[PDB]
Protein chains: 2
Amino acid sequence: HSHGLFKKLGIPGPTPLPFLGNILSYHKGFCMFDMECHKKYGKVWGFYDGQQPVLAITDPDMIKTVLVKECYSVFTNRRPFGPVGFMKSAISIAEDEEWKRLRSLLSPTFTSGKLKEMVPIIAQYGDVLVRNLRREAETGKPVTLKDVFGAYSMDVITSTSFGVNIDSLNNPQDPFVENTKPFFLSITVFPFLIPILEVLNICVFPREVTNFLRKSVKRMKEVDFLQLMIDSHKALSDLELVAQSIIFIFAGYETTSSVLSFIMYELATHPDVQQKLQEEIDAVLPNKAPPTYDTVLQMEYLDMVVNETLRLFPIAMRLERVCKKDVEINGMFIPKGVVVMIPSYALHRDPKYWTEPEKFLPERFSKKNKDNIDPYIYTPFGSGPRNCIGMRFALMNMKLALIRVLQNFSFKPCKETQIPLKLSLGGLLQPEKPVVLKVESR
Amino acid sequence: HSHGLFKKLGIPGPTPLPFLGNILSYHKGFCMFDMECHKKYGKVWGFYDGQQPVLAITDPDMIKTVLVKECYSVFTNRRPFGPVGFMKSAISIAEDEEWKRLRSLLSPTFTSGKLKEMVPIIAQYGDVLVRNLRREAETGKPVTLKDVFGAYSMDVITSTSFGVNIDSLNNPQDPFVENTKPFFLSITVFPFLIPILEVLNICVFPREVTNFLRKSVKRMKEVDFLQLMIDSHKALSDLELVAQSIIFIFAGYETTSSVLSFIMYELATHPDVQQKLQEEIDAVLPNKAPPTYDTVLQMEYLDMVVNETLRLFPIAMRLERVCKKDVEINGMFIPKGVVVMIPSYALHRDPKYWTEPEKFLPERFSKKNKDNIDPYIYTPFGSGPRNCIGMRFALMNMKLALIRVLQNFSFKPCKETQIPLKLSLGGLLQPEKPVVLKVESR
Ligand code: HEM
Ligand code: HEM
């Protein structure tokens, strides 16, 4: 019974119920729970996800020690999440030296150099998105953004991760990679059923599939994510490689469409920001000019708009590292086995570092005010050696969509637009009611 | 499904059934399974304890690399065995740096210096054993050795581990440490139920107890094992210390009585060895002289008799280390997660190193022939930094019993003496039928 651990350490927090710990406080959601705890417990508190003790920290230096200084020595891994099956070779799930090999093998694929060779490939789908937007524009009636953006996020993945060009919004039959579409609550209070479903062949990812991917990869041994990984420690195995693109499809999909929905909701409800961004868009790219890699990395107000939306909506919500051994960081003692948690959502909306945190103010990241931001309070992609490996790709993918989207259309709220936006009560950080807006052709 | 691992590595072995692996081959027992496998597969083979892949090695250099060379780097831990409860602080169960601290904290207690301060304390029970033997000697009828030796092994533990002096054979009511008295088969094919019974408070050791020990240890904060540990990295905690003596009581009990039963069975069926040992006993200790520390370490034939019995009956049977990372030792590749097993029983009875291995021949360890023995074939106490930490204590404890036992009595087989001795079909290495012999007063 480790429920007395934090009170044995003099660490405040909510009192854990036997078995459950503090998981019943998730009736408000992961984000609201961390906000309340950050408000009433101070810089550090502890809670129990079932029997698993979790230590939350909000100190920048302590976060720097966890994410960067003592990454390879102590805080190398995240905690296990469920029956992983063969997906234990995924870079986000691999641990210790086995992860170190994967990160070193996959680092070249996400260079700024490889990113520029992909800009024309995904700008092609920045055109396809407008093609499906002009449809729901002269039709003159609101649009569910997660459909067109979800189609866009699906089109870019497939062609960048496999070279398979599709119009996912206009070819819904061909299910090339439909491989994506009350468990994890139980699996947490009951982490002992994780290895049960392992031997049971029960995978959290639909396991009867993959078989289509490895056998369709048999088509690739004999510019995209696949071809960049084949060229390559020892080389990437057949299966090991397959696991990465699956983690790439999961990572590239739900993230792109949800954030793009968050950005467009902010832009529509802040037409001044939308107009100022559209002017910078029109200025840098005169006369609906095609966006390029070097142009995207010049639109300063676009970068500020993206970074501020990710501050309000860090879709990962939390950062977690497992304490591999009894250590003593920045003045306090962390026992082995404790999950160290960094509440990115709570920190991003902390008045100790942000003025009017609920306000969408892109000028926070201006070249005047950007230098005053602590790189460990603002962690939408994490930090350290185990940060978001596809950060530059994700930002470039979303910016290339927003430019072509705003080069042609302006967006306004509707009677159906959920104002204010309510965040999802589940665990992914999406809009409760999906975002619907009016799309006017310029 | 890791059952294709060894055939993917070009490693011979028995074909694993789904779920079960090769555990159905344990109908013969752990020892017979390793003997057959060592006979038909060569130096190295692989099998599956359920889904857990186990690699067996019989090469001395490879054993030296596993037990000694790459102990702290790769092969630091044994594999988990079941729901451990609070017994994860036991030195035999602790892992990595947490074990490194315990071994360094408990190393002084098992010095040859601390052992001499305990010789008079346990020689007192070498007297009590004869006291209960002279009873079943003038009564003139056979004796179940595991009762008097089990009583002896219980008396020495209590007084050395707690200073509590009892005659366990004559005070059976006072259950001071009765804390000792179709699961592990299931727990192996189903290693996923290990953490189930953890949250269920189900401990493999009777958990309602301990409470008598920690609260009776409350009696010790304010020469024995307890007092030697209190004097003491950071110090040993209250609970951490309690877990050690429990592992000490388990380790000191079933081992001492079973081996003493093995020794006396060998001595009775080899009266020449018994007579030659009794002569050396009479010569070094004239006229039933009291044994001392310095005398025990002089009886060369006693040491050879003990070492040869442990060759025929290494009660631990196997040596196991977990492969913590993908490594390449002495020419072959060991993937992370594979349990590396050293069959001590199979190696001790290998004609490649032992002539007439089934024969009890104490002269194998004579100062002429002792030097020809490989320290990694003969591993009754293991080897390397994680060998049997109570080796010198166990040997001294048994030798001190045998001397006083043979200073007064000679032992002969009976009509009930199971000749030849059949080994147990369970998993502890004990006689199938308990050893019963005639005890004659000299
Ligand atoms: C808006 C989009 C995205 C956001 C906000 C985001 C955010 C994050 C965060 C916060 C982490 C944890 C980092 C840490 O704990 O230090 C992470 C990990 C990761 N992300 Fe993303 N991500 C996004 C898109 C992507 C994309 C497009 C890819 C790949 C194509 C990707 C691949 C990964 C991987 C592989 C990891 C695990 C890295 C490791 O374990 O070494 N992510 N991401
Ligand atoms: C005839 C008596 C005994 C025999 C044959 C024996 C044999 C062994 C063997 C083979 C190992 C495994 C070593 C390895 O894997 O390298 C071991 C471990 C161990 N033994 Fe014994 N043992 C005996 C008695 C004892 C006694 C009397 C104690 C304590 C009072 C003890 C305490 C331990 C401990 C704590 C370990 C684990 C060490 C670690 O994990 O670091 N044993 N023993």
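Residues numbered from 1 in each chain as written, not as in the entry; some residues may be left out. Chains lettered and ligands numbered in written order. Heavy atoms only, no water.

In its metadata, the entry names X-ray crystallography as the structure determination method and reports 2.500 Å as the resolution.

### Side note on unusual backbone geometry
A cis amide bond, omega 0°, links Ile419 of chain A with the succeeding residue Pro420 of chain A. Of note in this structure, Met317 of chain A is not a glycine but carries a positive phi near 65°. The phi torsion at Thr210 of chain B lies on the positive side, around 70°, for a residue other than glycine. Positionally, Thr210 of chain B belongs in the loop between α8 (194-199) and α9 (211-215). Look at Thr210 of chain B and you get buried, because its relative accessible area is 8%. (Helix = DSSP H or I, 4+ residues; strand = E, 2+ residues; numbered from the N terminus. Buried < 20%, exposed > 50% of the residue type's maximum accessible area, 1.4 Å probe, protein only.)

### Side note on the relation of the copies chain B and chain A
Least-squares fitting of chain B to chain A yields an RMSD of 0.0 Å, with the superposition described by an axial translation of 0.0 Å and a rotation of 180°. The transformation relating the two chain copies, once decomposed into turn and shift, fits a two-fold axis. Within chain B, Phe192 of chain B has its C-alpha nearest the rotation axis, a separation of 3.2 Å. When the interface residues of chain B are mapped onto chain A, 100% of them again fall at the interface, so both copies present the same face. (Least-squares fit on C-alpha atoms. Contact = heavy atoms within 4.5 Å.)

### Regarding the interface of chain B and chain A
Opposite the 12 residues of chain B that make contact, chain A presents 12 residues. Together chain B and chain A conceal approximately 1100 Å² of surface at their shared face, both sides included; 77% is due to carbon and sulfur atoms. Counting every contact that joins chain B to chain A gives zero salt bridges. Mapped by element, the contributors of at least two residues to the side of chain B that touches chain A are α4 (96-106) and α8 of chain B. Looking at side-chain class alone, the side of chain B that touches chain A contains six nonpolar, one polar and five charged residues. (Buried area = accessible area lost by both parts, 1.4 Å probe. Salt bridge = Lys/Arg side-chain N within 4 Å of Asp/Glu carboxyl O. Nonpolar A, V, L, I, M, F, W, Y, C, P; charged D, E, K, R; others polar.)

### Points about the sheet that holds strand β8 (residues 409-412) of chain B
Residue and element names in this part refer to chain B. Taken together, the three strands give an open sheet; going across it, the order is β3-β9-β8, and neighbouring strands pair in antiparallel fashion. Sheet topology places β3 (143-144) and β8 at the edges, where each strand pairs with a single neighbour. Taken together, the two bridges between β3 and strand β9 (residues 436-441) define a ladder with antiparallel strand orientation. Looking at β9, one finds that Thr144 is bridged to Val436. (Pairing = 2+ DSSP bridges.)

### Here's the deal with the site of ligand 2
Residues and elements named next belong to chain B. In the neighbourhood of ligand 2, 26 residues make up the surrounding shell, with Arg78, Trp99, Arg321, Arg386 and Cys388 lying closest. Residue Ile91 places a main-chain N or O atom 3.2 Å away from an oxygen atom belonging to ligand 2. Residue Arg103 places a side-chain N or O atom 3.2 Å away from an oxygen atom belonging to ligand 2. Only α4, α12 (238-269) and β4 (318-322) provide two or more residues apiece to the shell around ligand 2. Of the residues forming the shell around ligand 2, the biggest block, five residues, is contributed by α12. By residue class, the composition of the shell around ligand 2 is 15 nonpolar, seven polar and four charged. (Near = heavy atom within 4 Å. Polar contact = N/O pair within 3.5 Å; in protein donor to acceptor, adjacent residues only side chain to side chain.)

### What to know about a nonpolar patch on the surface
Residues and elements named next belong to chain A. Together, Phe183, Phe184, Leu200 and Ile202 give the surface a local cluster of nonpolar side chains, amounting to about 350 Å² of exposed area. Considering the arrangement of structural elements, one finds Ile202 in the loop between α8 (194-199) and α9 (211-215). Classification of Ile202 by relative accessible area gives partly exposed; the value is 31%. (Patch = residues over 30% accessible without salt bridge, like charges linked within 9 Å, V, L, I, M, F, W, Y side chains within 5 Å. Areas by Shrake-Rupley, 256 points an atom, 1.4 Å probe, with all protein chains shown as cover.)

### Quick word on helix α3 (residues 60-69) of chain B
Turning to α3 of chain B, its buried residues are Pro60, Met62, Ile63, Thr65, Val66 and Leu67 of chain B. The backbone nitrogen of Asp61 of chain B lies 3.1 Å from a side-chain oxygen of the residue at the head of α3 of chain B, namely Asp59 of chain B.

### Remarks on the site of ligand 1
All names here are of chain A. In the vicinity of ligand 1 lie 26 residues, with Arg78, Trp99, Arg321, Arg386 and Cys388 positioned nearest. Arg103 is positioned such that a nitrogen or oxygen atom in its side chain is 3.2 Å from an oxygen atom of ligand 1. For the shell around ligand 1, the elements supplying multiple residues, two or more each, are α4 (96-106), α12 (238-269) and β4 (318-322). Per-element tally for the shell around ligand 1: the top contributor is α12, with five residues. Residue composition of the shell around ligand 1, grouped by class: 15 nonpolar, seven polar and four charged.

### Re the coordination of the iron atom of ligand 1
Protein coordination of the iron atom of ligand 1 rests on one atom only, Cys388 of chain A (SG), at 2.3 Å. Within the secondary structure, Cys388 of chain A sits in the loop between α16 (344-348) and α17 (391-408). (Donors = N, O, S within 2.8 Å, 3.2 Å for Na, K, Ca; no water.)

### Quick word on the sheet that holds strand β7 (residues 339-343) of chain A
Residues and elements named next belong to chain A. The strand order β1-β2-β7-β4 describes an open sheet built from four strands, whose pairing is mixed. The sheet terminates laterally at β1 (44-49) and β4, the two strands that pair on one side only. Neighbouring strand axes in the sheet, compared pairwise and without regard to direction, differ in orientation by 30° on average. In the sheet, strand β2 (residues 52-57) pairs with β7 via three bridges, with the strands oriented parallel. Looking across to β7, one finds that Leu55 is bridged to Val340. Contacting β1, β4 and β7, helix α2 (residues 30-41) runs over the sheet at an angle of about 140° to β1. Of the strands in this sheet, β1, β2, β4 and β7 are in contact with helix α3 (residues 60-69), which crosses β7 at around 125°. (Axes fitted to C-alpha atoms, helices over the stretch in contact; angles between N-to-C directions.)

### Quick notes on the environment of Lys288 of chain B
Residue and element names in this part refer to chain B. One can find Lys288 in the loop between α13 (271-284) and α14 (293-296). Considering only alpha carbons, one finds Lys288 and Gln407, 119 residues apart in sequence, at a separation of 5.7 Å. Among residues more than four places away in sequence, those in contact with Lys288 are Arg134, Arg404, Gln407 and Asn408.

### Remarks on the packing of helix α6 (residues 145-161) of chain A against α17 of chain A
All names here are of chain A. Remark: α6 packs on α17, axes separated minimally by 12 Å, with the N-to-C direction vectors making an angle of 130°. In terms of orientation, α6 lies oblique with respect to α17. For α6 against α17, the interelement crossing comes out right-handed. Of α17, the residues touching α6 (which contributes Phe149, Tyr152, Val156 and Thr160) are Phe393, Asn397, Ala401 and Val405. When grouped by side-chain class, the residues that make up the contact of α6 with α17 number six nonpolar, two polar and no charged. (Parallel < 35°, antiparallel > 145°, perpendicular 65-115°, else oblique. Left-handed = near helix turned anticlockwise from the far one by under 90°.)

### As for the pattern of salt bridges
Residue and element names in this part refer to chain B. Applying the stated criterion across every chain, the model contains 44 salt bridges over all chains. Residues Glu208 and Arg207 are paired through a salt bridge, measuring 2.4 Å at the closest nitrogen-oxygen approach. Here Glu208 falls in the exposed class, since its relative accessible area comes to 59%.

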